[PDB]
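As structure tokens, one chain now follows by itself in the form deposited in one PDB entry.
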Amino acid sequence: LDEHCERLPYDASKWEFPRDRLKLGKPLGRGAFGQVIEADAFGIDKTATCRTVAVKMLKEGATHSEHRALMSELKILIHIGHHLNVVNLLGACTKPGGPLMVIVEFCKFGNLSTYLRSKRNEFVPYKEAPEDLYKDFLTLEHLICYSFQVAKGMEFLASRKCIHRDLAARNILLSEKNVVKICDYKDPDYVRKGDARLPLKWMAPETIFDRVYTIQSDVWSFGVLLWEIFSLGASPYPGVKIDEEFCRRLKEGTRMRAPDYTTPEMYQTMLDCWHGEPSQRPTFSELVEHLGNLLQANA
């Protein structure tokens, strides 16, 4: 990424946003390498409105390598470009007179895994008696709609020759009108169950062993992501130990059972996504045609 990305231009006319129109609020997310802060921005989309945005910036004590890392990330977001189902770039603050700030879309409801897990007592397959009374309930239509949407996002990312490498519900963000968007260690005193997840549980067999990521290894990940959705945000492979024999059994053909809320065709889609042979897994385009039909047949 480095060196290469320094040789990509930055068009300030179309991306640069003045820092004096950005008012920062509370942090949304921390990391060992940086932070996303919630902020108010005036006129970020040219209209005369104050809009809530998310700001990636460096932590206090961040190095030169971490500045390069954020600037690469900015140029990759410029490269990737706009889609409804990715966390889109809105602007950047790069000139002298303040900190480096990369401004992206705010998704107010947070990640899809925590959201879904918080709706297990507000779920019905189809809305039976008067549909007014099941207001705010999740339904099969929602879950298949979240699915289709992520498949669109990934089809788009594939067409920009991008690879996600960590496709999971934690990295899916939910904004208003049920629109979902793809994005890419806290002190143990304040850690609760569910705070974390083991990323090996989303890795294709060829990535576990051969450590190669390709768009078809993302299709396997999409499969596990489907399972998260239709279990309403459970962790994959419940109570299973992720050791050398688990990895052995994966390659042999062992697979997760159906989660509690799946349709039979949605479980069949997980299994096709989990084909041992990468080239026999469906493409994200094929997943888009297929989930769109499932979504339409749910009627």
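For the two forms, the rigid core is made up of the largest set of C-alpha atoms that agree within 1.5 Å on superposition. The numbering used is simple: start at 1 and walk along the sequence shown.
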| property | result |
| --- | --- |
| Other entries lacking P199, at least a third | no |
| Cross-entry absence of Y185, a third or more of other PDB entries | yes |
| Deposited residues lacking coordinates between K127 and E128 (none, 1 to 3, 4 to 9, 10 or more) | 10 or more |
| Gap size, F106 back to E105 (deposited sequence, no coordinates) | none |
| Mean C-alpha B-factor comparison - 117-125 and 171-179, higher one | 117-125 |
| Residue stretch of maximal mean CA temperature factor, 129-137 vs 211-219 | 129-137 |
| Residue of maximum C-alpha B factor among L90, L157, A196, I78, per deposited coordinates | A196 |
| C-alpha B-factor winner, where the candidates are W202, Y185, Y146, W227 | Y185 |
| Ranked against its chain, the third holding the CA B-factor of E245 | highest |
| Among modelled residues of the same chain, the CA temperature factor third for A234 | middle |
| Chain thirds of CA B-factor: placement of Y261 | middle |
| Among modelled residues of the same chain, the CA temperature factor third for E252 | highest |
| Chain thirds of CA B-factor: placement of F33 | highest |
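Separately, the form deposited in another entry exists; it is not shown, and the next lines address it.
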| item | value |
| --- | --- |
| Out of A258, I37, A62, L232, the residue that alone shifts its CA by 2 Å or more between this form and the one not shown when the rigid core is the reference | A62 |
| Threshold 2 Å Cα movement between this form and the one not shown at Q268, rigid core reference | no |
| Rigid core fit then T47 CA moved by 2 Å or more between this form and the one not shown | yes |
